[PDB]
Number of protein chains: 2
Amino acid sequence: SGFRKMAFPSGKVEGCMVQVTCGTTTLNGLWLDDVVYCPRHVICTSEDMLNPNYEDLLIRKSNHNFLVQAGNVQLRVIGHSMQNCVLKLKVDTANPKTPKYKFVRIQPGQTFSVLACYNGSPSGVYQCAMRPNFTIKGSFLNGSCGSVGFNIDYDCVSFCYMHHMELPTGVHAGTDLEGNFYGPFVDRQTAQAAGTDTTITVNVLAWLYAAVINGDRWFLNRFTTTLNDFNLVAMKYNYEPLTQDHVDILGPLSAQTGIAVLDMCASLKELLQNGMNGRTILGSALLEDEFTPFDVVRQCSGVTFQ
Amino acid sequence: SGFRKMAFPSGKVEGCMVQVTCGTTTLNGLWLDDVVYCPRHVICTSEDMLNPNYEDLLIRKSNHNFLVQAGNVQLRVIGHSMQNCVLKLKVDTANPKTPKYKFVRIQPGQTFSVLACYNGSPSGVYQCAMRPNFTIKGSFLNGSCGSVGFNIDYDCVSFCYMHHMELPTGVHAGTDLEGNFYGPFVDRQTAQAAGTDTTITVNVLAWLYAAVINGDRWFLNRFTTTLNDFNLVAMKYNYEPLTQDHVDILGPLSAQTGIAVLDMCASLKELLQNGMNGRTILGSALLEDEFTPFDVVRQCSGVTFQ
Ligand SMILES: [Zn+2]
Ligand SMILES: [Zn+2]
């Protein structure tokens, strides 16, 4: 028993992280097959980032202007191209440590593990969620750009995030592995506004089911509610609206615990109106929304990877 | 910027996890060089665990009674021995993926990463602390026994924990890699009492320094205090006493932020007497004690590994 903010094993990703250096800037890159993916602002100086013309800046660069290192072995760049906001550096050697992988664009509310790297070397791994406003509350220092987010399905590694920048508000923004930003952000050092950040209601409900499974049950109460009645209360407290697709995803958890989804919503409704009263749920004094229904099932059953 | 409960990259440990099977019981083992370490109760049935005579139970077993698997390759057991509560299975093949490693016995308050495994396959990684009562609040299901805890110093892997059992209270207990239990626990299914769990004050202070570094400063107040004055307040709220060695460890953080250790203690004193008043520090409504002073420095500077 017990419940922890668990991240995927990062072994398969550590073997794909390399150090990419262009001119004076150095950041991390993802080496899969004979292609190295990295943020395109590696071709920028600190001055260029204020208002960069990436096309004009890439004209000045040649294949030999890029230094790709994997630990202590060098990689020769044979070709280069810009796909949206990522750079694709074609190298001569195919990464022998390439695992089975896909490129996936996740939706808000979904969770993934981040492997923070600096100078192509892994430093730590943690779990986080894609906020409804397409930002993540990560932990990134200068030089962490190019760090990737990923999920693991048995033997396949689904890459879903590449870190590109920290916003002036302290939150973080990035792209998928095709170079398309999550949200309305651009790879430029300017004041960019992130929308209102809302709580992922479906994740909170899944978290409450994990609490019941692990012995926390004080929040279970006497009432029930309707979808519209709850969504009305939820919107006042900046909670995502609950749809029928969310009820369907929680089905397996409802069957395990014998608590109807709508009954759990009534419990959450009271928690929203009356607070926690100094109590804790799974050791947390706040309502957690970084566990998806699949994460809860995964951790409460023991799904593994190879 | 930002601050996350970060775990070490588990790549170097995933290559050492194997599946150990004796008779009918199967759990995880740590394969280093030509020795496989695993909990000794792998030789026990569900009936034996109530009151096991491990010596008499090991007499009945021979080298061929142990099935060691690494993914899909078999390992032939050449020798076996019992060191305290761990079993050391000498095999014919030396693990090629053996990293530089030490065996370390940590002290309470220190943190480490846990790689939860089932049937020798990694499933997740999370960070936790050794409670002052020599337990850990982990996430372990049946078959997770043998999962190891570890730290990483650049290129060396320090193994410090092997999971052995879950106590009736839901908390978890284990040994070092020499088989010595942390705490007064024995590898037997009986009612075992864990001491009073206290908060790791030095870790809370380090966490507060991380908050100041990341922009959270409302808890900084006007007062100061003495070591004895604070320790008096701390003991009432079940906080570990603060010694001069703790003040010395926090020195670098005090120099970075310009806030004297004793001044930070005064801030924590008020938080203990008046609570948080519905506010949050680094997104947490409770006082976090699972970050050591070294963890904070590590995450706020960007120390990496290879
Ligand atoms: Zn950058
Ligand atoms: Zn066991």
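Throughout, chain B uses Swiss-Prot numbering, with the displayed residues spanning 3264-3569 in order.
Per deposition record, X-ray crystallography, 2.2 Å.
Backbone N, Cα and C define each Cβ position, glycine as well.
Feature annotations, courtesy of Swiss-Prot:
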type     : residues    : note
DOMAIN   : B:3264-3569 : domain 'Peptidase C30'
CROSSLNK : B:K3268     : ubiquitin cross-link
ACT_SITE : B:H3304     : active site, for 3CL-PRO activity
CROSSLNK : B:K3353     : ubiquitin cross-link
ACT_SITE : B:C3408     : active site, nucleophile
Neighbourhood of ligand 2 - recorded positions from B:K3268, B:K3353, B:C3408 with Cβ under 6 Å: B:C3408
Shortest C-alpha distance to B:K3268 (ubiquitin cross-link) - which of the recorded positions B:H3304, B:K3353, B:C3408: B:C3408
Listed recorded positions (B:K3268, B:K3353, B:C3408) that sit near chain A [CB under 8 A]: B:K3268
Residue among recorded positions B:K3268, B:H3304, B:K3353 with least C-beta crowding, 10 angstrom cut-off: B:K3353
The residue listed as 'active site, nucleophile' CB neighbourhood, other CB atoms within 10 A: 25
Inter-residue C-alpha distance, B:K3353 (ubiquitin cross-link) and the residue listed as 'active site, for 3CL-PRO activity' (nearest angstrom): 17
B:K3268 (ubiquitin cross-link) - helix vs strand vs coil (DSSP): coil
Alpha-carbon spacing, the residue listed as 'active site, nucleophile' to B:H3304 (active site, for 3CL-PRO activity), which is rounded to whole Å: 9
